[PDB]
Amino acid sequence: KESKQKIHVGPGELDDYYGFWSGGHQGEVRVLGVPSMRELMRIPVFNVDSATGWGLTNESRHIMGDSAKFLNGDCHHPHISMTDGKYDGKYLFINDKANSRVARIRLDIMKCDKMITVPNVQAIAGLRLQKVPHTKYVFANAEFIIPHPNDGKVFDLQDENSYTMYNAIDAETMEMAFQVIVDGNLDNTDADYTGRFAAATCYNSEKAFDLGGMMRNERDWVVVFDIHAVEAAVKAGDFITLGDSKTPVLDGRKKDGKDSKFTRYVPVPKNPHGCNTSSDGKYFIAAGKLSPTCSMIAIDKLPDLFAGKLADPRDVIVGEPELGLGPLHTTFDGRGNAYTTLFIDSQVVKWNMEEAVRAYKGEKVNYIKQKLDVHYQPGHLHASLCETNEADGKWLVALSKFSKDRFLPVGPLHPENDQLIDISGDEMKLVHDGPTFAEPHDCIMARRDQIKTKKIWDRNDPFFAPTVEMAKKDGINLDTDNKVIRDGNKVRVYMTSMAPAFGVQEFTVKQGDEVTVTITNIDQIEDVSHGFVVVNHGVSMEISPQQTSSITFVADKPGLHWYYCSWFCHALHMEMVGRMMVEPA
């Protein structure tokens, strides 16, 4: 009954959980140890990472596709793939609001391995994964209403071909599965524990562009998706396509008051934000934001709603507790309590879901258990394993936007305050203030035993298989060869590396040549990573044990130009260098 968990992870001790933090406007994903809250690793995704060369290497730019031209991202929602309502540790997915992308991270290597630009939408916000029977789909919200086509003839958001869409990506192939046109817009989303239903909040049911217009409606809604019905329509070929994308597009809008078979619109106050599935699978809980409430949709009633048995879509609302000012997000301890951020009141409120349901019926019962002050203005919060039926009720992180005086001053820009709260007992206890850069917004925690990683690369890894293919065309055995291939004004250097020596320590090219350098790290000892930097050429990349990495640049400067290993790898690290000699034109 007492919240008494230990927070200190001393030298030589290990954390109990992995934390996966969104990088916010900075674009990466960050791996933390919990409860120490120390950052263990940064995984580049939408950012360009000077250290590993993500965004510069051929392997990374191949994964990014055309979107490799962008140097920014804005991510919010990191989530781990599931099997039977539990994390399976295979993949992490995350959104990019800035350039309308979804990325996939492979948790065995802790790298982004797939990326997709969602077609015919703007701004991927809410993102969550199918839970049951497993993560077949990644569900993603496109936040902003746009014209279709967006060819510059029509700009009116109220035109009948202006709308946004709910997006489903095939988690395993990272290709679009389908899109569903909706009324209004989309904010956050979550999925049930059966695979049939998903739901999303909408704050712009008004289809307005101005602040006041977007707050005009007493109620917006959460739109519920009958995913089985969508899938059936796709299997039967009953869909359209938009523009030059082959993605099946289904119309989920209400037409002359008549409901689609793919959607129902449940009225909810007001400009709601969070959309959170309780761990017992009973509820979609929408945070009321402008309304000081959360609304509880009984997932049990959704079949009746779509079958036309209910006289009113509000009939699926079974609770609407009053909690405080500015409810934004909800999480669960698995013991029957919900925990909700109050942005305005600057608190986390713990409340009992079944008691709120009884109060909605008129029973006099206080469902509120505790309000804990947080510092300050909390956005999202996350309890350990809360997105699974294994929600364990141990740790809670509340991610607050204004850190004010909680840390040393560091200039006009301030850190986020991610506060660790012990929820193992009856009383929430604040135990740690964690400053973070660039507004992570949301995070996710997994048990140590849910994550299994590779100590060294497999030579057949798909991450650099296209580079292995290029090498094959050149007759190159990457595991052994140190050779320079000349092909017109193209030069392809292939080399092994073994601390403390590059396998090719000098090569000569002609000014203007396009040079590709492919390096295979044939060290077998864990942690013996190498780097490759070409001085004054903007070239930098990582090569970890048994990885092949490659990078392309033009030798636009005559003369002698040094390259060196950037990753401290050996006592003779500083002498691990080579020379590119560039003959003048």
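When you see a residue number, it is the position in the sequence shown, counting from 1.
Asks: Could you settle it for me: does 196-204 or 252-260 have the higher average Cα B factor in the PDB entry?
Replies: Of 252-260 and 196-204, the stretch with the higher C-alpha B-factor average is 252-260.
Asks: Taking only the CA atoms, which stretch has the higher mean B-factor in the record, 77-85 or 211-219?
Replies: Higher mean C-alpha B-factor: 211-219.
Asks: Per the PDB entry, which option out of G336, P149, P119, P133 has the greatest Cα B factor?
Replies: So the option with the highest C-alpha B-factor is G336.
Asks: Quiz for you: based on the deposited Cα B-factor, which of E175, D113, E143, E390 is highest?
Replies: When the deposited C-alpha B-factors of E175, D113, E143, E390 are compared, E390 is largest.
Asks: With respect to C-alpha B-factor, does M37 fall in the lowest, middle or highest third of the chain as deposited?
Replies: For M37, whose C-alpha B-factor we compare with every modelled residue in the chain, the answer is the middle third.
Asks: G379's Cα B-factor: lowest, middle or highest third of the chain?
Replies: Bottom third by C-alpha B-factor.
Asks: If you rank the chain by CA B-factor, which third does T241 end up in: lowest, middle or highest?
Replies: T241: CA B-factor falls in the middle third of its chain.
Asks: How does the C-alpha B factor of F306 compare with the rest of the chain: lowest, middle or highest third?
Replies: It belongs to the highest third of the chain when residues are ordered by C-alpha B-factor.
Asks: Compare the C-alpha B factor of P11 with those of the other modelled residues in its chain, then answer lowest, middle or highest third.
Replies: For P11, whose C-alpha B-factor we compare with every modelled residue in the chain, the answer is the highest third.
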